[PDB]
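# Overview (structure and organization)
Chain by chain, the residues:
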Amino acid sequence: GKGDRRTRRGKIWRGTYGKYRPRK
Amino acid sequence: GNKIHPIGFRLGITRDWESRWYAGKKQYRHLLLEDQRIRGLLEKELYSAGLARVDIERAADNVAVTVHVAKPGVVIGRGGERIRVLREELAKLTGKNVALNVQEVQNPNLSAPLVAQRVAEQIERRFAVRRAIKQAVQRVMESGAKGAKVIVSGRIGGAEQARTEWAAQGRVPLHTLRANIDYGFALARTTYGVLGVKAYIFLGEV
Amino acid sequence: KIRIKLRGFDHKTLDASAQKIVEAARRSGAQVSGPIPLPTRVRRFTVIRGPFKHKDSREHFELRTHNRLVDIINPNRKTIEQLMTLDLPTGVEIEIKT
Amino acid sequence: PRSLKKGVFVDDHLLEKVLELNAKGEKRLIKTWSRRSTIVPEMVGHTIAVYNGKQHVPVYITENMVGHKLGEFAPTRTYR
Amino acid sequence: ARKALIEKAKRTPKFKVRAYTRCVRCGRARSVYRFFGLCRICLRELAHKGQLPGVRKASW
Amino acid sequence: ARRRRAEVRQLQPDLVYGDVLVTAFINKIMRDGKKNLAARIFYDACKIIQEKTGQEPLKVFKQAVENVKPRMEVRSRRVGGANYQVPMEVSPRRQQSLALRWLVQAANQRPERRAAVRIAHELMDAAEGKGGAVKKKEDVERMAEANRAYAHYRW
Amino acid sequence: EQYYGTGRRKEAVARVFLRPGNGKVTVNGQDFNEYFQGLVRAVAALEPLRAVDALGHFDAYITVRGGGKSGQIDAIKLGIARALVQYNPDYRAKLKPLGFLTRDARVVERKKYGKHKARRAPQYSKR
Amino acid sequence: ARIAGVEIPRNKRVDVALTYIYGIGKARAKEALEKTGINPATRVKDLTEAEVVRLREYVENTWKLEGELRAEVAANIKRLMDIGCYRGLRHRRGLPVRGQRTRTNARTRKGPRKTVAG
RNA sequence: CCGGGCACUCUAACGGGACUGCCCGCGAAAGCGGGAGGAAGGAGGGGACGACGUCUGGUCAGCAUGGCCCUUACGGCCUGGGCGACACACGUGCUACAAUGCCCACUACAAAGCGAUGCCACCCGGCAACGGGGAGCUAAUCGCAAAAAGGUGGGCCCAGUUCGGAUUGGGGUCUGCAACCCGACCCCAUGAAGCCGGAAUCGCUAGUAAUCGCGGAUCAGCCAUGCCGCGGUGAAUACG
Ligand SMILES: [K+]
Ligand SMILES: [K+]
Ligand SMILES: [K+]
Ligand SMILES: [K+]
Ligand SMILES: [K+]
Ligand SMILES: [Mg+2]
Ligand SMILES: [Mg+2]
Ligand SMILES: [Mg+2]
Ligand SMILES: [Mg+2]
Ligand SMILES: [Mg+2]
Ligand SMILES: [Mg+2]
Ligand SMILES: [Mg+2]
Ligand SMILES: [Mg+2]
Ligand SMILES: [Mg+2]
Ligand SMILES: [Mg+2]
Ligand SMILES: [Mg+2]
Ligand SMILES: [Mg+2]
Ligand SMILES: [Mg+2]
Ligand SMILES: [Mg+2]
Ligand SMILES: [Mg+2]
Ligand SMILES: [Mg+2]
Ligand SMILES: [Mg+2]
Ligand SMILES: [Mg+2]
Ligand SMILES: [Mg+2]
Ligand SMILES: [Mg+2]
Ligand SMILES: [Mg+2]
Ligand SMILES: [Mg+2]
Ligand SMILES: [Mg+2]
Ligand SMILES: [Mg+2]
Ligand SMILES: [Mg+2]
Ligand SMILES: [Mg+2]
Ligand SMILES: [Mg+2]
Ligand SMILES: [Mg+2]
Ligand SMILES: [Mg+2]
Ligand SMILES: [Mg+2]
Ligand SMILES: [Mg+2]
Ligand SMILES: [Mg+2]
Ligand SMILES: [Zn+2]
């Protein structure tokens, strides 16, 4: 869920970017 | 613990800022500090003249500083040397090299800060607080002033127990936005402690 | 083609000064396209009322910067006559580019 | 999963002290108020007193202790 | 706001990060707004006094 | 509602069948304020009501709701040092509310894997007089009238 | 030749231009159903026409900005009614009982201090 | 079939299957299936013997897995404790090693809650 | 996007508008019920605004301040540690326990705000955090920026799992003199409890609840899931 650092929604909730939430 | 500051409440309508100037985010705090030092040095000097207010305006590297005083004869001095010394100390404080004006206050009893200052003086001289208040309200009411109120805080008469002495008359409609009430506050430093003094004066409406 | 930006905390003084500039530039110059409002920049400060605890009191303040436009076409030299310096307002700040 | 960066940090108080000892020998101990300093190989075989905020603890240092800070071996808190 | 801690103002903090902000008026450490250089209490006080230009009570 | 009479909310008509009852059901299906997903669910369910029952899903739905409506129900009252379960009639609005709510609940109690299937099946079952909703209605109408002795506490 | 209306819902505006024709609708250059559709409420935006039995009489060129797509649907619903009124004023008499020309004044309630959101109060124990 | 030690995943996607391997998470399985040229979507029961041999070839020795992994971790902690590090003390007492508050929570590390008098 | 133009949208100053003013009924009147016209009626919605006083309420640790007390220390500088301790108990919250769901890909609509020792388009390296280079922006003109839920397609198939991401091992990035005590972030491995919660108990009456993202103050960095705001979707029920 939102608590999973390794998920899209996780990065979104944490407000970061990375491998699982690219900057396009 | 209620009743927000009436001046601060009416600042948009029927009240105006004492410091009126524009500045950016990198400017503001500095000009503000400066203003505060100006008001500071001026309150610690011109008190004997009974300053009811100090307005401060700026354009570019220049400052208005319009001082509203009950007795301008004090701030001017003999031949006008006092005002020179004050512009001097002002220039030594801030290097902006700015000007100064003196506005005489008509009927010192209609500007709340002066009223509160008088009541406070009386309290510090060990006057009778109840009578001092009733008298002050009387002097305020007898000249114009569609309403008036004065409030003194705890340790009245040096009493061990703090009290509040009230004594107001006329109309003081604090909740009315269009009111235009003057508010003022004075302290009293006594041997037994500190006394707060508030003054409300309701003059005209719309 | 002269860029002007008027900024102030009081919209009354802004409007008055802007229309003053406009009337100054109307007689000496072109049609004076006139002040375009531009958005306000509003900065808020939320602060607890009391000096101690009581977290649920607050009462925030706002500080708003109003803007104006001007931009007179036909930069006549005759215009800078009524222009340059004649103004009432204090807390109005003027920006000028070419 | 720790990290610092390139250009590893060691306080130069004892950095010079340890090699100054190494030059002429081993000698005895040291007393260090800097626990933030990283342990580097040249300190192996020495003994360093680390300030835990109260006293100095005699930490002997071996090959497998390298890379950790001094303070890891000098516990600050007293419990049960 | 102890008088010695107003050594806060220092030309030589010895480290940039050791340099912290205080209230220029009352000397408060916590809750100091960068824009005014003041603290929240002093801010509300001076606001109510009308000595902060453009600052008005907000409602919407 | 201490002061006023608390007037009823008028719900917009259905986008498909123009029935406000449909809309009410759509709302009771709705979760976390997702209306779109709820409309999806219900309409998909209607598509499931055919090729099972040749009839129009509206009729089935309305009759199911009709069968889930309780005539009587029980409600607590404090009388002379005790607490009694008192039987009494159900206002038509409450009949509708309870019927729909029960339909949805019972539907989501079902074994069927995905939503529209559960709603369609519960609806069909209720229409023919069986299923969890009807079980609730029967249970309540049994509770009331089991308590007949207390019907003089009506109020 | 062309009949205009605006309409507004919940911080959303839509320009509505009614130009007589086949009855096809354009939204922001996209087809009407390419913008919507996956939105079930969509057809409600076209409710005014169906109310006056207009439909395939006018085409419509719409420009929507602000809000989410539902509020956009409603703002379109108003705009079409307004343009429809500009076309024939008598239409008002038909359109009013349904209230399509009613602007919906409901907006997000401002969040308030001490609360969580504008209403919702922080829960407490007392024990 | 039998990949990288004693574990056999079955009857579901090969990536998700490889997840049942100890040293292998989602990412490593994705990578392995990529470099082994195997479609992830195929069920394990549908895996060509050749594909299984190739998968074994890659996965078994590239990364250290299973038993050797657990032994490596255990040896890491053992080393941490032996040197007398703070981390080692936290492991010793069975308290959070990563610097979290113990006044409340920290239950996962401390296991069940053992209550006493007030 | 260029010419071109203020009609519309918007922007922000001023102004109009609604008063039980008009119709029916009841009423002595105030007013009440309903209807018309209207964007809105009967206080249209939401703020600011909180009487005489009560709690010997809170705060001398924001400031001021009477008294009392310390003045080679009850003052002052610095290094280090502590405010982060943990058998335990409570409050407030976050994430969940899944299919009205989770994951991946493509794709669509917002408001309010911040930005020059700043925001950082775009190019290269890197799986990524990020690093190098570098345009624009004194900012309705550049950037933060992606809104998310939503839609389309595909995968999962009811299992403690492609639910849930605690815990722990390892390798890193950045801020900062410095991340051991004690920062955040990335990547690999690990993959806990948790299957909707006892007695008890909380909020909310409409764009509300519920749910989804977004911004900002403080700030080098950040333990922010806190707070103060913003918009998206959008209920149930009120006999009494
Ligand atoms: K959720
Ligand atoms: K556990
Ligand atoms: K109002
Ligand atoms: K008291
Ligand atoms: K529950
Ligand atoms: Mg997961
Ligand atoms: Mg007296
Ligand atoms: Mg309050
Ligand atoms: Mg490095
Ligand atoms: Mg002091
Ligand atoms: Mg700092
Ligand atoms: Mg500070
Ligand atoms: Mg009643
Ligand atoms: Mg049930
Ligand atoms: Mg909301
Ligand atoms: Mg595994
Ligand atoms: Mg700790
Ligand atoms: Mg009032
Ligand atoms: Mg007390
Ligand atoms: Mg106390
Ligand atoms: Mg603390
Ligand atoms: Mg203990
Ligand atoms: Mg013990
Ligand atoms: Mg961009
Ligand atoms: Mg790249
Ligand atoms: Mg533009
Ligand atoms: Mg899908
Ligand atoms: Mg799908
Ligand atoms: Mg799993
Ligand atoms: Mg279990
Ligand atoms: Mg399950
Ligand atoms: Mg239990
Ligand atoms: Mg209960
Ligand atoms: Mg209410
Ligand atoms: Mg920050
Ligand atoms: Mg932490
Ligand atoms: Mg945030
Ligand atoms: Zn202060």
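Residues numbered from 1 in each chain as written, not as in the entry; some residues may be left out. Chains lettered and ligands numbered in written order. Part of a larger assembly, values for the part shown. Heavy atoms only, no water. Residues with missing side-chain atoms left out of burial classes, pairs and counts.

In terms of determination method and resolution, the entry is listed under X-ray crystallography at 3.350 Å.

### Re the UniProt feature "domain: KH type-2" in chain B
Note the threshold: UniProt positions are given in the numbering used here, feature names are shortened, and annotations may be inferred rather than shown by experiment. A run of H or I in DSSP becomes a helix once it reaches four residues, and a run of E becomes a strand once it reaches two; helices and strands are each numbered from the N terminus.
Within this numbering scheme, the UniProt entry marks residues 38-106 of chain B as carrying the feature "domain: KH type-2". For residues 38-106 of chain B, the end-to-end C-alpha separation is 24 Å, with 35% helix and 22% strand making up the annotated structure.

### What about the packing of helix 1 (residues 20-29) of chain F against helix 2 (residues 35-49) of chain F?
Residues and elements named next belong to chain F. Under the convention used in this document: Here, axes are lines fitted to C-alpha atoms. For helices the fit covers the stretch in contact, and angles between N-to-C directions go from 0 to 180 degrees. Left-handed is the label given to a crossing in which the near helix is rotated counterclockwise from the far helix by less than a right angle, and right-handed is the label when the rotation is clockwise. In what follows, a contact means two residues having at least one pair of non-hydrogen atoms within 4.5 Å. Here the nonpolar group is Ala, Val, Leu, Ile, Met, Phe, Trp, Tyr, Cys and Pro; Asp, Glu, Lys and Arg are the charged ones; every other residue, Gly included, is treated as polar.
At a minimum axis distance of 8 Å, the contact between helix 1 and helix 2 shows a crossing angle of 115 degrees. At the point where helix 1 passes helix 2, the crossing takes the right-handed sense. For the pair helix 1 and helix 2, contact is made by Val 22, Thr 23, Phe 25, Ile 26, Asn 27 and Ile 29 and by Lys 35, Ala 38, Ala 39, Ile 41 and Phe 42, respectively. Split into classes, the residues belonging to the contact of helix 1 with helix 2 amount to eight nonpolar, two polar and one charged.

### Some words on the interface of chain E and chain B
As a reminder of what qualifies: Two parts lose some accessible area (1.4 Å probe) when they are put together, and adding that loss for both gives the buried area. The term salt bridge refers to a pairing of a side-chain nitrogen on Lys or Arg with a carboxyl oxygen on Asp or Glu at a separation within 4 Å.
Of the residues lining the interface, 20 residues belong to chain E; the matching set on chain B comes to 20 residues. The contact between chain E and chain B buries some 1,700 Å² in all, and 62% of this surface belongs to carbon and sulfur atoms. Considering only the side of chain E, the residues that lose the most area to chain B are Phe 35, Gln 51 and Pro 53 of chain E, jointly responsible for 36% of the buried surface there. For the interface between chain E and chain B, the tally reads zero salt bridges. If you tally residues by element for the side of chain E that touches chain B, the top one is helix 1 (residues 40-49) of chain E, at five residues. Here the side of chain E that touches chain B is composed, by residue class, of nine nonpolar, five polar and six charged.

### Details of the environment of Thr 62 of chain H
Selection rule: Think of it in three bands: with a 1.4 Å probe and only protein chains considered, a residue is buried below 20% of the maximum accessible area for its type, exposed above 50%, and partly exposed in between.
Within the fold, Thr 62 of chain H resides in the loop between helix 3 (49-60) and helix 4 (66-82). A relative accessible area of 43% means that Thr 62 of chain H is categorised as partly exposed.

### Thoughts on the side chain of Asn 147 of chain F
All names here are of chain F. As a reminder, the rule being used: Contacts described as polar in this section are N or O atom pairs within 3.5 Å, which, within protein, must combine one atom able to donate a hydrogen with one able to accept it, while residues neighboring in sequence count only if both atoms come from side chains.
On the secondary structure map, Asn 147 appears in the segment after helix 6 (132-143). Polar side-chain contacts of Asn 147 include one of 2.7 Å to the backbone oxygen of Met 143. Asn 147 has contacts with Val 74, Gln 85 and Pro 87, leaving out every residue within four places of it along the chain.

### Some words on the protein's contact with RNA strand I
As a reminder of what qualifies: A single heavy atom is enough: if one lies within 4 Å of a molecule or strand, its residue is considered near that molecule or strand.
By nearness alone, 207 residues border RNA strand I, and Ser 3 of chain D, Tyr 4, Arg 9 and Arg 119 of chain G together with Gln 100 of chain H come closest of all. A distance of 3.4 Å is found between a phosphate oxygen of RNA strand I and a backbone nitrogen or oxygen belonging to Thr 40 of chain C. The backbone of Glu 109 of chain G places a nitrogen or oxygen atom 3.3 Å from a phosphate oxygen of RNA strand I.

### A short note on the packing of helix 2 (residues 26-35) of chain H against helix 3 of chain H
Residue and element names in this part refer to chain H. Threshold: Geometric relationships in this document are graded by angle, where less than 35 degrees denotes roughly parallel, more than 145 denotes roughly antiparallel, 65 to 115 denotes roughly perpendicular, and other angles denote oblique.
Two numbers describe how helix 2 lies on helix 3: the axes approach to 10 Å, and their chain directions differ by 125 degrees. Here helix 2 lies oblique to helix 3, going by the angle between them. Between helix 2 and helix 3 lies a crossing of right-handed hand. Across the interface between the two elements, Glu 31, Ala 32, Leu 33 and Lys 35 of helix 2 pack against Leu 55, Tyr 58 and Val 59 of helix 3. Here the contact of helix 2 with helix 3 is composed, by residue class, of five nonpolar, no polar and two charged.

### Overview of the environment of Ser 34 of chain D
All names here are of chain D. Of note, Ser 34 is situated in the loop between strand 1 (31-32) and strand 2 (47-51). The spacing of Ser 34 and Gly 71 is 37 residues in sequence and 8.3 Å in space, taken between C-alpha atoms. Every residue in contact with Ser 34, bar those within four places of it in the chain, is listed here: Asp 11, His 13 and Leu 70. At 2.7 Å, the side chain of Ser 34 and the side chain of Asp 11 are in polar contact.

### Re the sheet that holds strand 1 of chain D
All names here are of chain D. For clarity, the threshold we go by: When DSSP finds two or more bridges between two strands, those strands count as paired.
The mixed open sheet is built from three strands, whose spatial order is 1-2-3. On the outer flanks of this sheet lie strand 1 and strand 3 (56-60), each paired with one strand and no other. By the bridge criterion, two bridges tie strand 1 to strand 2 in an arrangement that is parallel. By the bridge assignment, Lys 31 is partnered in strand 2 with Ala 49.

### A look at a nonpolar patch on the surface
Residues and elements named next belong to chain B. Put simply, the test is: For patch building, the residue pool is restricted to those with more than 30% relative accessible area and no salt bridge; the joining distance is 9 Å between like charges and 5 Å between nonpolar side chains (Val, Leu, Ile, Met, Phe, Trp, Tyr). Only the protein chains shown count as cover for residues, with accessible areas throughout obtained via the Shrake-Rupley method and a probe of 1.4 Å.
A surface patch of nonpolar side chains, about 300 Å² in accessible area, is lined by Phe 185, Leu 187 and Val 194. Relative to the helices and strands, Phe 185 is located in strand 7 (residues 181-189). Residue class for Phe 185 comes out partly exposed when judged on its relative accessible area of 48%.

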